[PDB]
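Read the single chain below, which is given as structure tokens and is the form deposited in one PDB entry.
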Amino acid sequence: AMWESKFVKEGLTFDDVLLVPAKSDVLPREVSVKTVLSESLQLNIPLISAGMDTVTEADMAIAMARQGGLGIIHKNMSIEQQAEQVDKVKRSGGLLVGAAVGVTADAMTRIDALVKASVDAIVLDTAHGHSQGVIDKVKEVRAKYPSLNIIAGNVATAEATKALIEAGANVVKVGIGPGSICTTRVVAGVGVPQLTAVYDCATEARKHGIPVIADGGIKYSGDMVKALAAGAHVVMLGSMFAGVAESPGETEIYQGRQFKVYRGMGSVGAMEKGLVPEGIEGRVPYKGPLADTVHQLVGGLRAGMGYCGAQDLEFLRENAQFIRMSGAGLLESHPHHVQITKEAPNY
């Protein structure tokens, strides 16, 4: 049966569907965008800044936390430098902060230094979360810190979600290949369309009461609404936060216009800092302070929740209905046959 079912499975991505409007008794200004990942970790907005060397550092995680979100300090630095940055964030009013940790031999010594800075969640993020080495590390970390929030990823199947939950992780991160700087699906030929991956993983984690994180693939505020409506509790962003003033990336000039360096953790340049690469090096347009971008994201989420009549996010993921779409409909969803003179804050 394994030979005959090679090409049976089918996947859906963000640009394949649309959210169906339903009866609404709530106004967009009145909806609540709050979400809870655990009793020790509660966010006012479902936005997380990814743990990359060009997205989130001490300055970024602070600005993200002041807005109700969460920042993830990347692991491409020394153990003592990462612990001080976590302490620097917590010093600004005891905000919420996370830190990425790789499945290395010295991971436990890195994790020990982070908990003494009272980090709120660690992220055991790797390219393949369904690996045996990743599962054993989760059992190893959970045994030493029973009350710590453990985020494990990345995965894209329901079987991989269940395996990490049984290893000790209470938060599962979903996404293999949808990143804007990712080339895994081109280099390794491996991947699962995000919207299907989120739906499959959230279905498995929902019967255990485990939240899932939609990580990667979001390029517009509407895609964030689709990810949350597919079963995800929160969304993790990289490209939409890289052009923010608070991000660590370096400023470069292109065509007389400011840009910010945005690289993947699998790029050759990010590798030296930390055999074949699975990411590319690039630049994103400068978008100014973080607060401007966040208002457009939440404002786009409030509009979508108003169309579906969802007062809270849990009503959205439990009731929102999609409609499948062709390629010609995607051009219909975007502005067409009109010369765009002014570029909108959201577009």
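A residue's number is simply how far along the shown sequence it sits, counting from 1. Take the two forms, find the largest set of C-alpha atoms that superpose within 1.5 Å, and that set is the rigid core.
Per the compared records, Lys273 is unresolved in at least a third of the other entries whose models span it. According to the record, the deposited sequence contains 10 or more residues between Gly274 and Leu275 that were left without coordinates. A summary of the deposited B-factors shows that, of 249 to 257 and 214 to 222, the stretch with the larger mean C-alpha value is 249 to 257. The mean C-alpha temperature factor is higher for 53 to 61 when 294 to 302 and 53 to 61 are set side by side. Highest C-alpha temperature factor among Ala107, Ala202, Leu228, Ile72, as the PDB entry reports it: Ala107.
Across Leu19, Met325, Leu12, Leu331, the entry's maximum B-factor at the CA atom is seen for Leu331. Among the modelled residues of the chain, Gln311 sits in the highest third by CA temperature factor in this PDB entry. Ranked by C-alpha B-factor against the other modelled residues of its chain, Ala127 falls in the middle third. In the deposited entry, the Cα temperature factor of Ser180 places it in the lowest third of its chain's modelled residues.
The PDB entry assigns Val115 a C-alpha temperature factor belonging to the highest third of its chain's modelled residues. Remark: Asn76 belongs to the middle third of its chain, ranked by C-alpha B-factor as recorded.
Beyond the structure shown, there is the form deposited in another entry, which is absent from this document and is the topic of what follows.
Comparing C-alpha positions between this form and the one not shown after a rigid core fit, one residue in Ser180, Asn149, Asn76, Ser221 moves 2 angstroms or more. It is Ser180. For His128, the Cα coordinates differ by 2 angstroms or more between this form and the one not shown after the core has been superposed. One change in that other deposited form concerns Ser180 and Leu290, whose Cα atoms lie at least 3 Å farther apart than in this form. Compared with the form shown here, the Cα atoms of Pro289 and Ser180 move at least 3 Å farther apart in that other deposited form.
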